[PDB]
Amino acid sequence: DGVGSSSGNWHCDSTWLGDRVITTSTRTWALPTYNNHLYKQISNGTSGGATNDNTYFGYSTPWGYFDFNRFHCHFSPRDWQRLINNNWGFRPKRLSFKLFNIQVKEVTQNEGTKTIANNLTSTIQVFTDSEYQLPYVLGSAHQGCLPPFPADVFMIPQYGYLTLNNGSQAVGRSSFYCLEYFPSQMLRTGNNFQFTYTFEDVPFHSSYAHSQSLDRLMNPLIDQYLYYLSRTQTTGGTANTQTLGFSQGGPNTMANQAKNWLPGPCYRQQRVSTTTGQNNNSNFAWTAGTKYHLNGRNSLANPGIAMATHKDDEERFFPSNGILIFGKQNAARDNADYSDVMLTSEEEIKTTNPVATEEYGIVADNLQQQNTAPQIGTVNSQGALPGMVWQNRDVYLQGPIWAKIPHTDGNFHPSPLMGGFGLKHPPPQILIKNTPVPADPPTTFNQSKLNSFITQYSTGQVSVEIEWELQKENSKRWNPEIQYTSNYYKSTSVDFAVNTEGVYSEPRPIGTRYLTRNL
Amino acid sequence: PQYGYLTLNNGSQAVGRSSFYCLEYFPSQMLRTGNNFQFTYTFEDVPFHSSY
């Protein structure tokens, strides 16, 4: 451990072992100085043009954190093609972490001449929060991941958190967390940092699509032995009376047959079309949205429960706020055009789940009599019933991996609505910060705190290794499957590759459910 | 020198069977000043050269 000797290597490799796969990825980072080393109250109120639905209260800290909670940090696009073609599922088991080659630099600005020189004595402060005593920011799909392409250099985000509020004011039950109250390890150049984490048990991910549906689980050749009500009014003519008639279900009346299972839950949303001439001519993005009400606020049900996107031959329809939407390379932040975003599709789960843009079913409404016509009622929102089945939302190449289950008394089927894995004890947050170095103090005493600092920033590498567990394919199916493939004809540039200017780019969101399985 | 390589083509355009190799995908050893690097290779059998 000296100045003139490096303290690491470059490990970026993926190995396959039958039922395991170990992926390692290495990047290079740089950390600036946040808030000029100060804690700051930040808030938003109901004054101005703002509404009550968008207010907050919180604090902002000089610490920066690491986010690798997204699948493209670990999987090269060939390895994503090896994964989804040959397996019925996967879950992770354990991971590791390693920071090394810390360099700390200082900058000086004198009359346009900006000089950068080494600093060999300054430190950085890194610690992990294992016992979960902080707010958990990860798993909320923010920016700042490791880059998809290994040759790129990225910038570390900033750590800030929210508390309770009443408008732009706090309450008595609010909290303030000072991040210099936790034990941390200080590293000069020539040091390093590492730890090792172990996942708990979790269900496998369902990386398959059923080849069969709930309404078609019967034998097409044998009648049933169990009747139903088939006729109430006679058919002799116009002199009809009331009667009772019964029949057996068979091959020609397969909608009337008795069934054992129910489709999944429904929470209906509004339908919009990709052809702009077929929609209503008003701004209905928020007024017609699907919302859930929570303490005088209307939060957007995004992306809602796991429901199918569109039925057969209707690829142009999609729910307004019920799917994941991914932006292309160099898309605008506000008011991006339709040709600049990528819409995903969850048509694989229509074998069990209802379509998000249609109702669940039809129930009875009153008590029919001799002088009373019977009435029906359309169910738009249905909770759980005994005997339902459903499928969770699919995972993607650039979607998130995990999410922390909130510590409450009760929860029901704790899978994340953005897809991925549900964990009670997630991977811990890692917080990094430059230790301050003062400027020249006065010669006489002063009890004020020092506010004149030397401007610094740091850099180095990072290494993440995650081991996955697999489940192999074991089907007896005769005809060929469906595989993810490339395009055969020529193009201007190769997909999943660099530009002629050096810009990496992803053409399309890749799903996971391509193989088949019977119900 | 500098390392560059060629693939298949049809005119100034690629085809589907083309390849892209990213050279930061292989394991490599990083050297500061004061380090070094070495290896050792062995040839297979080959006929003698006819220097006559």
# chains A, B, ... in the order shown; residues from 1 in each chain; ligands from 1
$ closest_atom_pairs --of "chain A" --to "chain B" --cutoff "10 Å" --atoms "only C-alpha atoms" --output "tab-separated table"
residue	atom	partner	partner_atom	distance
A:3	CA	B:32	CA	9.7
A:4	CA	B:33	CA	6.4
A:5	CA	B:32	CA	5.9
A:6	CA	B:32	CA	6.0
A:7	CA	B:30	CA	9.6
A:8	CA	B:30	CA	7.9
A:9	CA	B:30	CA	6.0
A:10	CA	B:28	CA	6.1
A:11	CA	B:27	CA	6.0
A:12	CA	B:25	CA	6.3
A:13	CA	B:25	CA	6.8
A:14	CA	B:25	CA	9.5
A:25	CA	B:25	CA	9.4
A:26	CA	B:24	CA	9.9
A:76	CA	B:25	CA	9.6
A:149	CA	B:22	CA	9.5
A:150	CA	B:24	CA	7.0
A:151	CA	B:24	CA	7.0
A:486	CA	B:16	CA	7.7
A:487	CA	B:16	CA	6.4
A:488	CA	B:16	CA	4.7
A:489	CA	B:16	CA	5.7
A:490	CA	B:15	CA	4.3
A:491	CA	B:14	CA	6.3
A:492	CA	B:13	CA	6.1
A:493	CA	B:14	CA	7.2
A:494	CA	B:14	CA	7.6
A:495	CA	B:20	CA	9.8
A:496	CA	B:20	CA	9.4
A:497	CA	B:20	CA	7.3
A:498	CA	B:20	CA	9.3
$ residues_around --residues "residue 387 in chain A" --least-positions-apart "3" --cutoff "12 Å" --atoms "only C-alpha atoms" --output "list in words"
residues 259, 260, 261, 262, 263, 264, 265, 384 and 390 of chain A
$ write_last_selection --atoms "C-alpha atoms" --output "CSV table (one decimal), in the first residue's frame"
chain,number,residue,atom,x,y,z
A,259,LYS,CA,-64.7,-23.8,-14.7
A,260,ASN,CA,-62.5,-24.0,-11.6
A,261,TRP,CA,-60.4,-20.9,-11.7
A,262,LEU,CA,-60.8,-17.1,-12.1
A,263,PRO,CA,-58.8,-14.5,-13.9
A,264,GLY,CA,-56.6,-11.9,-12.1
A,265,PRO,CA,-57.5,-8.6,-10.4
A,384,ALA,CA,-59.1,-10.4,-4.7
A,390,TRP,CA,-52.2,-13.9,-12.2
$ select_by_dssp --residues "range 51-289 of chain A" --states "alpha helix (DSSP H)" --output "ChimeraX atom specification"
/A:77-85
$ write_last_selection --atoms "N, CA and C atoms" --output "PDB file, in the first residue's frame"
ATOM      1  N   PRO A  77     -25.390  -7.351 -24.088  1.00  0.00           N
ATOM      2  CA  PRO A  77     -26.599  -7.744 -24.835  1.00  0.00           C
ATOM      3  C   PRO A  77     -26.554  -9.134 -25.443  1.00  0.00           C
ATOM      4  N   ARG A  78     -25.371  -9.719 -25.632  1.00  0.00           N
ATOM      5  CA  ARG A  78     -25.314 -11.130 -25.996  1.00  0.00           C
ATOM      6  C   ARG A  78     -25.688 -12.006 -24.813  1.00  0.00           C
ATOM      7  N   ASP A  79     -25.244 -11.628 -23.613  1.00  0.00           N
ATOM      8  CA  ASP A  79     -25.543 -12.420 -22.425  1.00  0.00           C
ATOM      9  C   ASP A  79     -27.011 -12.318 -22.045  1.00  0.00           C
ATOM     10  N   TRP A  80     -27.664 -11.219 -22.410  1.00  0.00           N
ATOM     11  CA  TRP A  80     -29.105 -11.151 -22.226  1.00  0.00           C
ATOM     12  C   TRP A  80     -29.807 -12.070 -23.208  1.00  0.00           C
ATOM     13  N   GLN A  81     -29.195 -12.300 -24.367  1.00  0.00           N
ATOM     14  CA  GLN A  81     -29.784 -13.209 -25.342  1.00  0.00           C
ATOM     15  C   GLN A  81     -29.546 -14.660 -24.948  1.00  0.00           C
ATOM     16  N   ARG A  82     -28.423 -14.941 -24.284  1.00  0.00           N
ATOM     17  CA  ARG A  82     -28.184 -16.287 -23.776  1.00  0.00           C
ATOM     18  C   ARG A  82     -29.113 -16.609 -22.616  1.00  0.00           C
ATOM     19  N   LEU A  83     -29.498 -15.594 -21.847  1.00  0.00           N
ATOM     20  CA  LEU A  83     -30.307 -15.826 -20.658  1.00  0.00           C
ATOM     21  C   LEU A  83     -31.744 -16.167 -21.020  1.00  0.00           C
ATOM     22  N   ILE A  84     -32.348 -15.390 -21.919  1.00  0.00           N
ATOM     23  CA  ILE A  84     -33.789 -15.477 -22.097  1.00  0.00           C
ATOM     24  C   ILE A  84     -34.166 -16.587 -23.059  1.00  0.00           C
ATOM     25  N   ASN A  85     -33.190 -17.186 -23.734  1.00  0.00           N
ATOM     26  CA  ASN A  85     -33.513 -18.208 -24.722  1.00  0.00           C
ATOM     27  C   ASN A  85     -33.457 -19.612 -24.147  1.00  0.00           C
TER      28      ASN A  85
END
$ residues_around --residues "residue 311 in chain A" --least-positions-apart "6" --cutoff "9 Å" --atoms "only C-alpha atoms" --output "ChimeraX atom specification"
/A:347,350,355
$ select_by_dssp --residues "range 197-350 of chain A" --states "strand (DSSP E or B)" --output "count of residues only"
40
$ residues_around --residues "residue 16 in chain A" --least-positions-apart "5" --cutoff "12 Å" --atoms "only C-alpha atoms" --output "PDB file with N, CA, C and O atoms, in the first residue's frame"
ATOM      1  N   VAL A  21     -24.425 -18.366 -13.154  1.00  0.00           N
ATOM      2  CA  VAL A  21     -23.754 -17.417 -14.028  1.00  0.00           C
ATOM      3  C   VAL A  21     -23.255 -16.260 -13.178  1.00  0.00           C
ATOM      4  O   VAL A  21     -24.004 -15.686 -12.378  1.00  0.00           O
ATOM      5  N   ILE A  22     -21.967 -15.963 -13.300  1.00  0.00           N
ATOM      6  CA  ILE A  22     -21.305 -14.949 -12.495  1.00  0.00           C
ATOM      7  C   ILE A  22     -20.878 -13.830 -13.422  1.00  0.00           C
ATOM      8  O   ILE A  22     -20.116 -14.063 -14.364  1.00  0.00           O
ATOM      9  N   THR A  23     -21.369 -12.624 -13.166  1.00  0.00           N
ATOM     10  CA  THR A  23     -21.071 -11.476 -14.006  1.00  0.00           C
ATOM     11  C   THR A  23     -20.342 -10.411 -13.208  1.00  0.00           C
ATOM     12  O   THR A  23     -20.753 -10.060 -12.100  1.00  0.00           O
ATOM     13  N   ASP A  79     -25.244 -11.628 -23.613  1.00  0.00           N
ATOM     14  CA  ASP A  79     -25.543 -12.420 -22.425  1.00  0.00           C
ATOM     15  C   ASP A  79     -27.011 -12.318 -22.045  1.00  0.00           C
ATOM     16  O   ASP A  79     -27.561 -13.230 -21.419  1.00  0.00           O
ATOM     17  N   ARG A  82     -28.423 -14.941 -24.284  1.00  0.00           N
ATOM     18  CA  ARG A  82     -28.184 -16.287 -23.776  1.00  0.00           C
ATOM     19  C   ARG A  82     -29.113 -16.609 -22.616  1.00  0.00           C
ATOM     20  O   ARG A  82     -29.478 -17.770 -22.404  1.00  0.00           O
ATOM     21  N   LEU A  83     -29.498 -15.594 -21.847  1.00  0.00           N
ATOM     22  CA  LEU A  83     -30.307 -15.826 -20.658  1.00  0.00           C
ATOM     23  C   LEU A  83     -31.744 -16.167 -21.020  1.00  0.00           C
ATOM     24  O   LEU A  83     -32.313 -17.127 -20.496  1.00  0.00           O
ATOM     25  N   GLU A 467     -23.599 -13.094  -8.523  1.00  0.00           N
ATOM     26  CA  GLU A 467     -23.832 -14.482  -8.897  1.00  0.00           C
ATOM     27  C   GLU A 467     -25.328 -14.743  -9.000  1.00  0.00           C
ATOM     28  O   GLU A 467     -26.087 -14.364  -8.103  1.00  0.00           O
ATOM     29  N   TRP A 468     -25.748 -15.396 -10.082  1.00  0.00           N
ATOM     30  CA  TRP A 468     -27.152 -15.685 -10.344  1.00  0.00           C
ATOM     31  C   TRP A 468     -27.375 -17.189 -10.302  1.00  0.00           C
ATOM     32  O   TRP A 468     -26.456 -17.966 -10.565  1.00  0.00           O
ATOM     33  N   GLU A 469     -28.596 -17.601  -9.976  1.00  0.00           N
ATOM     34  CA  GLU A 469     -28.998 -19.000 -10.034  1.00  0.00           C
ATOM     35  C   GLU A 469     -29.999 -19.160 -11.168  1.00  0.00           C
ATOM     36  O   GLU A 469     -30.795 -18.258 -11.415  1.00  0.00           O
ATOM     37  N   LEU A 470     -29.958 -20.294 -11.861  1.00  0.00           N
ATOM     38  CA  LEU A 470     -30.762 -20.494 -13.056  1.00  0.00           C
ATOM     39  C   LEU A 470     -31.703 -21.680 -12.896  1.00  0.00           C
ATOM     40  O   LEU A 470     -31.580 -22.469 -11.957  1.00  0.00           O
TER      41      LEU A 470
END
$ residues_around --residues "residue 242 in chain A" --least-positions-apart "2" --cutoff "7 Å" --atoms "only C-alpha atoms" --output "ChimeraX atom specification"
/A:232-234
$ atom_distance --atom1 "CA of residue 398 in chain A" --atom2 "CA of residue 15 in chain A"
21.4 Å
$ atom_distance --atom1 "CA of residue 38 in chain A" --atom2 "CA of residue 191 in chain A"
26.7 Å
$ closest_atom_pairs --of "range 345-449 of chain A" --to "range 458-464 of chain A" --cutoff "12 Å" --atoms "only C-alpha atoms" --output "CSV"
residue,atom,partner,partner_atom,distance
A:430,CA,A:462,CA,11.9
A:432,CA,A:458,CA,10.4
A:433,CA,A:458,CA,9.2
A:434,CA,A:458,CA,7.4
A:435,CA,A:458,CA,10.5
$ write_last_selection --atoms "C-alpha atoms" --output "PDB file, in the first residue's frame"
ATOM      1  CA  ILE A 430     -23.057   3.102  -0.052  1.00  0.00           C
ATOM      2  CA  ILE A 432     -19.120   8.557  -0.355  1.00  0.00           C
ATOM      3  CA  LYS A 433     -17.869  12.092   0.373  1.00  0.00           C
ATOM      4  CA  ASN A 434     -14.762  14.277   0.113  1.00  0.00           C
ATOM      5  CA  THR A 435     -13.406  15.313   3.503  1.00  0.00           C
TER       6      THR A 435
END
$ atom_distance --atom1 "CA of residue 103 in chain A" --atom2 "CA of residue 124 in chain A"
9.5 Å
